[PDB]
Structures are given as structure tokens and as C-alpha cells.
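All ligand and atom numbering here is 1-based and tracks the order in the structure. Within every chain, numbering begins at 1; the chains are lettered A, B, ... in the order of the sequence lines, protein sequences first and strands thereafter. Values below: all heavy atoms of this structure, side chains included; hydrogens, waters and symmetry mates excluded.
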Protein chains: 4
Amino acid sequence: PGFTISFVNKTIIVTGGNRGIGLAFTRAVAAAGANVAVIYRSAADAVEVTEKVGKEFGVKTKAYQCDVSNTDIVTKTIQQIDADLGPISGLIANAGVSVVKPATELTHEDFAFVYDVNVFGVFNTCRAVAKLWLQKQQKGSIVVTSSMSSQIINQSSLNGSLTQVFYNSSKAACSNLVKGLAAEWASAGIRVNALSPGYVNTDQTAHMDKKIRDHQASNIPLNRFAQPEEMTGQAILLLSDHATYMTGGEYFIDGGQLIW
Amino acid sequence: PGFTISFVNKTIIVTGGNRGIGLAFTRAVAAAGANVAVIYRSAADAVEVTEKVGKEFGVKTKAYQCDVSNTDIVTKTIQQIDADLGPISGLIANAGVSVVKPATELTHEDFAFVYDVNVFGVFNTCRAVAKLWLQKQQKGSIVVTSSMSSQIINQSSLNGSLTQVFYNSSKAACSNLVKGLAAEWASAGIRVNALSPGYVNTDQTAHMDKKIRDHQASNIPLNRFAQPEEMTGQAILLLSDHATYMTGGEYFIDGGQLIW
Amino acid sequence: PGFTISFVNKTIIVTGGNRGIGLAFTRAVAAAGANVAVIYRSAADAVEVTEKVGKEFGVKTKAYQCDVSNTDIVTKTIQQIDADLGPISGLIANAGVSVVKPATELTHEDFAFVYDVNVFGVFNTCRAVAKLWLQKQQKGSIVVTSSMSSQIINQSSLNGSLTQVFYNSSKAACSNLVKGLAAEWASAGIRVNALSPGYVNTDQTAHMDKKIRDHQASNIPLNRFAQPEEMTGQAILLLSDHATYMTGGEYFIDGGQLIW
Amino acid sequence: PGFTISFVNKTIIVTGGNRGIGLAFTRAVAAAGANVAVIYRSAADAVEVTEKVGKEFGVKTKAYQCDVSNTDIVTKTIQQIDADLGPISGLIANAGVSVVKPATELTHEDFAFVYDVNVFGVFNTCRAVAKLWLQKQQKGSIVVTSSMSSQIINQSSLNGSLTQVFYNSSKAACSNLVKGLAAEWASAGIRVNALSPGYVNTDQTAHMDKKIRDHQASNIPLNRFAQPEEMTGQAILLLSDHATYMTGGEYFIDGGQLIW
Ligand SMILES: NC(=O)c1ccc[n+]([C@@H]2O[C@H](COP(=O)([O-])OP(=O)(O)OC[C@H]3O[C@@H](n4cnc5c(N)ncnc54)[C@H](OP(=O)(O)O)[C@@H]3O)[C@@H](O)[C@H]2O)c1
Ligand SMILES: NC(=O)c1ccc[n+]([C@@H]2O[C@H](COP(=O)([O-])OP(=O)(O)OC[C@H]3O[C@@H](n4cnc5c(N)ncnc54)[C@H](OP(=O)(O)O)[C@@H]3O)[C@@H](O)[C@H]2O)c1
Ligand SMILES: NC(=O)c1ccc[n+]([C@@H]2O[C@H](COP(=O)([O-])OP(=O)(O)OC[C@H]3O[C@@H](n4cnc5c(N)ncnc54)[C@H](OP(=O)(O)O)[C@@H]3O)[C@@H](O)[C@H]2O)c1
Ligand SMILES: NC(=O)c1ccc[n+]([C@@H]2O[C@H](COP(=O)([O-])OP(=O)(O)OC[C@H]3O[C@@H](n4cnc5c(N)ncnc54)[C@H](OP(=O)(O)O)[C@@H]3O)[C@@H](O)[C@H]2O)c1
Ligand code: NI
Ligand code: NI
């Protein structure tokens, strides 16, 4: 016996999944038996990484160069993906960026950068996929990758902020957006939810400032940064049919940071 | 391939696991392979029901009459469970009650009735198990059934409250308690999280004021109360080793009610 | 010119209004012109302190020994206050207690002690006043002293809990109870709101572990504990007719602690 | 006696201060004795309205045409205001817009519009003022008009969404942005807080179908929309020295809407 979730013959779209957390979602869903599309921006080795993933788990994988902030480019990639692997069963909007500068120095360009990917993009992908499912009367489940930063401001030092007000605020927008979409699409048997990670280990971490990184680790009850691997379980559940009564919600994987 | 969580050769305790949502948890974990200890208060058929579950899923089950509001009975019951089916791998503190009366009419007795089970009962159950795990240097995961009522006040009619202020406030207390316990037990490898259901269909529903029931359903995005089975997936994940970075959190299964 | 709130010829009840934050409230409403009924449990100088306030601010005051955890004593006291200083215009349900012990060591007796004052006591006080208002067909405003502890767990050291799980959970209950009461009494012109302080300097502060005190102030954006007087402006606003559209809310005065 | 807040000899800037809620703020702070700098986009009668306010309350006022989404113009306008009425004592970043359209039909243009004002516009204004205060070592208080929409999704009909996902999501961003800014400027003696109204009766709100507004009011505990004046008390408190321990917070004036 055992609790089993299977995505065999099912395709899940996953943005920014050629690396970082996206790659964790990539493998996880695949390992669960899913065909997977890795949307990326300019990763030189994205097509490779994808291929490697698909051959390791015995599933159908294909990468796609695509700036989620671009309406038409996203509306096509989605139409295409649905021809290479349709019909679509689930989506995981994870592509995200950030700017770190004192608030007084943030420029319009910075705002645009962050919000076009971290907020407009998420919206863009969801609408695209939703219209499709709506058009063909297909049900679906969407998982938006937010952050605990939707609730708190991160620290870079004791009582000292990690300056990225556009990032944190874009994540708040993100988590709220999930509710707005779930609200309109619920009647169409379409579910939308947010997964919000805490401090996670990624390649960039080993190259960040150590005084900072340590401090960030000093106030986590679990006493450590997460591994991207620790974010996928909640996603599978959210995508699975076990979650028919779950929509418009935000699910934190913060290691207890939000307790303090 | 697929996503699997197995509780084979593991024991899970479920309070109020003989009926309602608790039984759903019981059957769900029993189907995942765990042996189950069902704690109940006074249901005449609790023993029969529990025995059957064990026969249906081919697992070891046992029922224990144990008022969760009683310190010593709970301590003794946890010890007996550890002897009968130990070691205990997880706990679902699900037992809960309510009192529906206009706020002005609520008594101190009503307060104790609700809080002794919904808050102290949760604390007591969690503490007994945690103490055992601490003594035996064992890791564990605890899931507490709270409610979306921790965040909002329920309605019985348009703009009209379902009058049960001790219920909603006790659930808010419960969800906070989860954070408090999670903070102290984190270093001991013990995780504590809250699962908060929205409106769920149980045997009591069919006997409630239709008008109130219809009204409550008329404002849920998914347009219906949940079936108890819809709460189990999240519970299983929280109990599983995949949820290693999840503690002190509250996970809603409200069908979008919190959207509004 | 200026913004002025006058409570001349109005009476406010303050539970725990003889010392600590409660006394700050008493003094503030008195300075605003209100007559004040001070409820206390056993302080030997409660009468003297209350008399001094009246003389200092030229208002009528009276102290009432009244255990808020007891239904009938509260009912009788509210009736006497109405007879002595009626009509009652507002209430600050401020009396509260705590128990600091590791969670595993907390008892049912500790639970009763904290919850009978912090939750039942608040409910009971609110209920007695509201019943009088409803009977006499009078309008009113109630402010409950909760705590930022309703949202977070406090620290006694870096990544180390200030162990008082019944306190934090009781405050979460309190803040939710405010919503429940506000929901039922809204149509009768009775508003109920929670005021939630962060770390505050009181007489007990000067006698607490200095290491703990320093740690707690080290992670507050404003770099310091608040003075009791800094809690009064919000209370006066909530009690006034400027707050006609404010009910069911929780108003934090945390110095930015909740930002992190 | 009485509680009195005086802004005599102080200058407050109010964006969108020529009509709706912004005009209520303007009048409220003028009545408190503050000089007012009113920022507007293109209103044809803003000058007349602003002047009338000054003459009515015997304070100095001036209107400034200034698109808050424009970096340079805002910077220039702030410089001019400082020269004209400086030092600036407070800022109410109130300007805001919305787009009501089914989520599937929303465009990038719509995104840029809403977010340039509701988020960047707020950031831009706060930053222009903050930089000035820092350069001159001046303390100050900032209030940002967000919305309860930061937490929930509005309805247009029973279980039917008021489709404007970009609005609600931008407000969530806004309230988070307040925390972000408050975190960085706390050590500088600058406080930042969000004031989040429920349904308010302004000309703009009145533009949507009365059927929709009747539905909305039917589910507000206070059973009506607020008048803009009902938002002013909290703003005055936040801008005042009584709010010295209040920063990074969100203060709802929702009529109890968030109770449900
Ligand atoms: N790292 C953390 O501790 C943490 C915590 C909470 C939340 N998150 C969120 O989780 C996500 C991934 O985090 P991460 O640290 O792995 O990020 P990362 O290492 O910076 O990876 C982000 C990925 O997004 C893609 N991307 C960037 N801009 C894009 C655009 N315009 N269109 C399409 N794709 C774009 C990039 O693909 P290309 O490689 O091809 O350029 C990049 O791989 C982000 O949303 C992040 O905000 C991260
Ligand atoms: N029903 C809903 O729509 C709903 C929604 C959200 C959350 N919840 C929460 O989910 C949990 C279960 O709900 P439910 O609807 O299944 O409840 P139920 O149908 O009322 O069953 C609750 C069970 O708890 C047990 N119990 C009560 N007091 C106890 C005590 N002192 N000691 C030991 N056991 C005790 C009872 O055992 P006996 O069978 O022996 O009487 C009862 O079976 C509760 O915490 C509830 O508040 C319910
Ligand atoms: N201190 C803080 O940093 C802090 C922070 C956040 C929130 N708060 C909250 O603010 C409130 C006041 O705090 P505080 O520090 O001023 O408290 P305190 O110094 O401990 O005084 C509390 C008062 O409550 C009264 N009281 C206790 N039990 C009572 C009962 N059964 N019946 C009637 N009165 C009773 C006592 O009256 P007697 O004088 O006769 O003993 C006592 O004066 C509490 O709700 C507390 O939880 C405090
Ligand atoms: N009304 C409600 O029920 C309600 C509820 C919650 C929150 N709010 C929020 O409260 C605020 C005001 O609401 P309202 O109903 O009074 O709105 P309104 O009647 O639409 O007024 C908004 C004002 O903002 C100004 N504005 C717009 N874009 C601007 C820009 N780019 N630069 C400078 N000024 C700009 C406009 O000036 P011009 O006059 O020259 O056009 C306009 O007067 C908004 O932030 C809104 O989101 C309103
Ligand atoms: Ni926090
Ligand atoms: Ni709500």
C-alpha cells in the first residue's frame, strides 16, 4: 500500500525550469510520470539540461526560448506546446528575477524589469493556458511560484533589510493575483494556487556574501536553507486531483521563518 | 513511475478518528499503509468502526477511549499506543467541537467545553507525543486540524453570522499554538503544522438548516461543501518526509472561500 | 484649528486600568475628558491610584474590584458602573496575564489561568457591556488589548522562543473573538476592535533578564521598546466617532517588528 | 480637556488630493491646521478646489500638476513644493487607478497603467520625499492609500468577482512596499504605513452599476459604503506624533468586510 500520485501521459508546463527551483519542479513532476516543457530566457545550456532530464526519467521533454513578459511569444509557445504535447493538465509559473539596491536608488527600469517577469509574466502564462482550457473546455490546475517575501521583508543583517522592495512587493502582488484568477476561473473547474518558498539553496548562494547568508540562516527554526528538492511535494499535491477543494490559496514552505 | 508516500510499518495517531473528517484521515493513512490508533470520546460504535478500517486496508488498528481534555488519560493513552503499536511516527490532532449560540448568551461552561478540546486538547495531545519522542530521541510530524474559521467568521445568512464565537476564536488560538510548539520543538526534529478546512459535508450536514447550508454553499467559489476525503492529501504530505522544510505553517483547504 | 476628540460627559471602562498599559489608557481617556471606571483584581493601591487620576484630570473616577473571569461579578459591576457613571460610552478590555514555561511543562491549570483572563475574561467583559447597550438601545465602542503575539511567537534569544505558548495563542484567540463579536453587534451600532502592542516598557521590564530585553529590542526596526503612552492614540481614535467605519479590525502598534 | 492633534505650521502633500478620498484627506489635514500641497494629474478644477480649501480653513494651499508615474516630474515637483511650502512634514500617497475587465481580456497596456500609478507611482512619490528628508536630515511620516483589496477579491455579484485582478494585486504590492520602505527608512526617523479602505462612496465608485454596489453593501456588516471623511481619522493619527511606534503597518477601515 501507499499514497500514490501519477502524472503519466500528462504534460505540465514549467517556466524557468531549466535551472534553479524550476529544475526541481521539472524533475519532480517528470519522476511522477509527466511530460515537461522547460521555458527559459537565454540559458546557453538549457536545451541540453532539459534533454538530460527527459532521458533520465524516461519522459517527453522539450525546451523553449521564451520571455514570459512577451504576450504574443507566450501565446504562441503555449499554442505550440499544446501541439507538441497537448492537452495540457497543469502549469507551474516559476520564472522570477530580482534587483538588490537601496530603495532610493531604484529606477523605473528596475521596476519594469522585476514586475514584467515576477508579475506580468505570471499573469501572461496563466491567461494563455486558461484561455486554452476554456476554449476546449479543459480542466486544469495552476501553481504559481511566489515567496514568503510576499509577507515579510528579508534581512541582510540584524534589523537590516535586504534591499529589493520591488521583489518583495511583486511577490505580494503575485500571491494576490493567484486569488483573483482563481476567483474568475473556479466555475470552469480551473484551480489556481501559490507556492511560496523560504530561504533556498541554489548555485548563486555559494557566491553570495557569507556574512549575509549566515545571518539569513541565523533566524530559521530549522537552522538551514532549504534544498530546491524540498519545494516539489506541495506542487505535486496542488496539481494532483487530491486537491479539488484547494484554490486561491497560498502554501508556504518557509522552514518556520514566518513563526518569528 | 509516480509520486509515492508509504506509511508501511509506521503508526499514526488520529484523535476523533472514528467519524467525520477524522475517519477520512484514518482511512487515508490506513490506505497509505500505516497502522492507526484512533482516539475517541464516547461514540458507541467507535471500536467497531476502527476494527473494520483495519480489516479493509489490511493494517493494525486499535481504538482508545480518551478524553483529550484530560492530562493523565492522554499521557496514559499515548504510552499504551506506543506499547501496542509503537513507535509513533505521526499525529493528527483532529478532535474538535463547537457551541452555536448568540454571543451574549454564551456561558463559562460553553467556553470550557470548546476550549478544553479545541485548544487544550490539541496542546495536551501534542505534548504527550512530543514528550515521548523527546525521551526516545525520535523524530516526528504533527498535523493539527484547525479551520478556515481561524481567519474569518462564518455566515448563516446574508451578512449574518453563524454565531459561535468560541469556535472561531479557538481555531485562531489553535493555529497560533501550532507556531508556538513548532518553535520549541524544531531543534528536536519535530514538525508541527495546521490543516484548516473550509465547509465540509458530514453526517451532520444532512440534518442542518437547509437554508443555512444552502446559503453557505452559495458563496463558495467551488459552489459546494467539500467531501471529507478532500482534506487527506495535504495531511499525508505534511506527515511525509517530503515536508521536511514545512513547520509552523497553516494550510487551508477552503475551496476558495478565503478569496472573498 | 486642529483635530480634537472630546470625551467630556462620557464614561469609559478600563479593565486592568490601575497599572501598566491599562493605567496609560485610563490616563489618556481621562485627559480627553472621560469619566473612568477602573476594574482591577487585587492591587492594594488600586483605589488610591484611580482617585489620583480623577483629581489630576478633573473627571469622575471609581475603582471596582472585579475578577473578569467570573460571569456574575462582571454583570453586577457593569450594572453598578452604569448606575454610578452611566451611560457607558466605551470599554477597553485590557486585563491580561501570562505563564512562561517550556511547552512540555505547561499544565491544565496554567491553561485555565491564562485563558480565563485573556479570552473568557475579554469575552465576559465585552458581553456584559454589550448586553447593557443592547437592552438600553445605546451605541458604543470596544477596544480589546491583544498583542502582536497574535501573529508571531516571541524570542528570548536568537532563534530561541520566549516560551509562553498559551499567551501567544490566547492573543490570537482574542483578535479573532473581536471579529466574531463585531460581526454580531454591527447592526446595533456597537463596534469592536483589537489594539495589538509590540514590546512595551513597564515596571516589570526593569526587573527582567537584561540579555533577553536587549535581544528583543535588537530586532525591532525602531530600535526600542515602546512606552505605554504610545498605545493610547490608537485607542482614543477607535473609541471616538471618527472611527465609525472601523470594526472587527486589529490595529498593530509594533514598532515595525512584524515587518521581519 | 480633550485629545488634540495640531498640524499648525506643518505641510502635508496629498497625491490625488483634489477629489474623492484624497480631497477628504486634504480637508481633514487643513482643518487640523496643516498647509497642503495637492498633487493631481489633469483635473481641470483642481486649482479652484485646492484654493477653496485654503480659504475655508485659513491655511496655505497650492495645487501641482504632477504625474506620479514620472520620475523627473515627481522629483521636480517635490523640489518645488519644498521651496514653496517646505519643510514637508508628511505625505499621503493616495493617487490610484483601476481597470475592470475579465482577466482573460486584460492587456500589458492595462498592466503598465495600473502598476505605474498604484505601485511605481507610490514608490516614486515616497522616494522623492524620503530622499529630500534624508538629504536635509528631516523626520517625517508617510501614509499610503492601499485598499482592503490587498487581502481579498471584490465581488460584483453573489459569488461573482469584480473583475480587476490588476487592481487588487497592485494593492497587495502596495501594502508590502510600505513594509519594504518602512524597513529601510526606520533608522532615519521616517515612518511609512498603509491605510486600506473598504468600499467608499466617491464619484468614481459611483460610476459602476448600482446593482453591483447594492450587492456589495448587502455583505458589509455596517451595511453601507463609507463616506470619504471616515478614512481621515486614521490618517491624521498616523501622520501625528502619537503614532511614533507605528511603522510598516496596514490599517484597515473596512466597515467589517474582512470579518467574512
Ligand atoms: N532562491 C531563493 O531562495 C528563492 C526563494 C523564494 C522564491 N524564489 C523564487 O523561485 C524562482 C526561482 O528561483 P532561483 O533562485 O532558482 O532563480 P534563478 O536561479 O535566478 O532562476 C530563475 C530563472 O528564471 C528564468 N527567467 C528569468 N527571466 C525570465 C524571463 N523574462 N522569461 C522567462 N524566464 C526567465 C531564467 O531562465 P534562463 O536561465 O534561461 O535565463 C532563470 O533560470 C523565482 O521566482 C524566485 O523568485 C527563490
Ligand atoms: N465539519 C466541518 O465543516 C469542519 C470544518 C472545518 C474544521 N473542522 C474541524 O475538523 C475536526 C473534525 O470535524 P468533524 O466535523 O469531523 O467533527 P465531528 O463530526 O463533530 O467529529 C469530531 C470528533 O472529535 C471527537 N471528540 C470530541 N471531543 C473529544 C474529546 N474531548 N476527546 C476525544 N475526542 C473528542 C469526537 O469523538 P466521538 O465520536 O467519540 O464523539 C468526534 O468524533 C474538528 O476539529 C473540527 O472543528 C470541521
Ligand atoms: N507588557 C507588555 O510588553 C505587553 C505587550 C503586549 C500586550 N500586552 C497586553 O496588555 C495588557 C496589559 O498589560 P500590562 O503589562 O499592563 O499588564 P500588568 O502590568 O501585568 O497588569 C495587568 C492588569 O490586569 C489585571 N488583572 C489580571 N487578572 C485579572 C482578573 N482576573 N480580573 C481583573 N483584572 C485582572 C490586574 O489587576 P491587579 O492590578 O489588581 O493585579 C493587572 O493590573 C495585557 O492584556 C497584556 O497581555 C502587554
Ligand atoms: N473609492 C473607493 O471605494 C476606494 C476603496 C479602496 C481604496 N481606494 C483607493 O483610494 C485612492 C483614491 O480613491 P478615489 O475613489 O478617490 O479615486 P478617484 O476618485 O479615482 O481619484 C484618484 C485621484 O488620483 C489622481 N491620479 C490618478 N493618476 C495619477 C497620476 N498618474 N499622477 C497624479 N495623480 C493621479 C487623480 O487626479 P486627477 O483628478 O487630476 O485625475 C484622481 O483624482 C486610490 O488609491 C484608490 O485605489 C478607493
Ligand atoms: Ni514575522
Ligand atoms: Ni474574507
Side-chain angles (χ1 to χ4, degrees), chain B residues 15-24 39-46 65-70 73-74 93-98 116-118 121-122 125 144-149 151-152 167 170-171 174 195-205 225-226 228 231 253 257-260, chain C residues 15-25 39-46 65-70 73-74 93-98 116-118 121-122 125 144-149 167 170-171 174 195-205 225-226 228 231, chain D residues 151-152 257-260:
Chain B
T15 64
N18 59 300
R19 66 189 171 94
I21 309 178
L23 176 57
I39 279 173
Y40 67 96
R41 186 196 61 190
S42 54
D45 66 341
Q65 184 164 45
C66 170
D67 187 342
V68 298
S69 69
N70 188 290
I73 300 177
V74 163
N94 162 268
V97 303
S98 182
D116 270 344
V117 179
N118 292 13
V122 167
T125 296
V144 176
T145 308
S146 188
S147 173
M148 71 177 171
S149 293
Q151 309 293 149
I152 61 168
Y167 180 75
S170 77
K171 290 299 185 179
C174 178
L195 182 162
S196 296
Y199 294 105
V200 182
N201 281 303
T202 59
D203 299 311
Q204 291 84 309
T205 302
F225 281 31
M231 308 293 140
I253 308 176
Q257 181 70 71
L258 298 176
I259 284 171
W260 305 138
Chain C
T15 65
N18 58 300
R19 61 194 176 97
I21 304 176
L23 181 54
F25 286 134
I39 280 169
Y40 68 100
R41 190 183 66 192
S42 75
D45 70 333
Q65 179 167 38
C66 171
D67 184 340
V68 297
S69 71
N70 180 273
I73 305 172
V74 167
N94 162 270
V97 300
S98 187
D116 270 353
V117 179
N118 293 11
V122 169
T125 299
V144 174
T145 309
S146 190
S147 173
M148 72 178 173
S149 291
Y167 177 79
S170 78
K171 290 300 186 176
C174 186
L195 185 156
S196 295
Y199 293 107
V200 186
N201 285 314
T202 57
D203 300 316
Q204 301 84 315
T205 302
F225 275 21
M231 305 294 126
Chain D
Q151 310 293 121
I152 61 169
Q257 182 71 83
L258 295 173
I259 291 172
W260 304 137

*Indicate yes or no: at least one non-hydrogen side-chain atom of D:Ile152 is less than 4.5 angstrom from one of D:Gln257.*
yes

_Sequence-distant partners of C:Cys174, side chain to side chain contact (heavy atoms under 4.5 Å, CB included), two or more places apart_ = C:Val122, C:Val144, C:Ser146

*Is a donor on one side and an acceptor on the other found under 3.5 Å between the side chain of B:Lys171 and the backbone of B:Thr145?*
yes

*Residue shell around ligand 3, heavy atom under 4.0 angstrom*: C:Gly16, C:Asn18, C:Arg19, C:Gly20, C:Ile21, C:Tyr40, C:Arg41, C:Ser42, C:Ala43, C:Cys66, C:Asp67, C:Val68, C:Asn94, C:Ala95, C:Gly96, C:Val97, C:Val117, C:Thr145, C:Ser146, C:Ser147, C:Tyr167, C:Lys171, C:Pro197, C:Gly198, C:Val200, C:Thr202, C:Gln204

*Test item: C:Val200 and C:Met231 side chains (from C-beta on) under 4.5 Å apart, heavy atoms*: yes

*Residues that C:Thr202 engages under side-chain hydrogen bond (donor to acceptor under 3.5 Å, both in side chains), provided they are two or more places apart*: C:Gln204

_Pairing residues for B:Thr15 by the side-chain hydrogen bond (donor to acceptor under 3.5 Å, both in side chains) criterion, not counting sequence neighbours_ = none

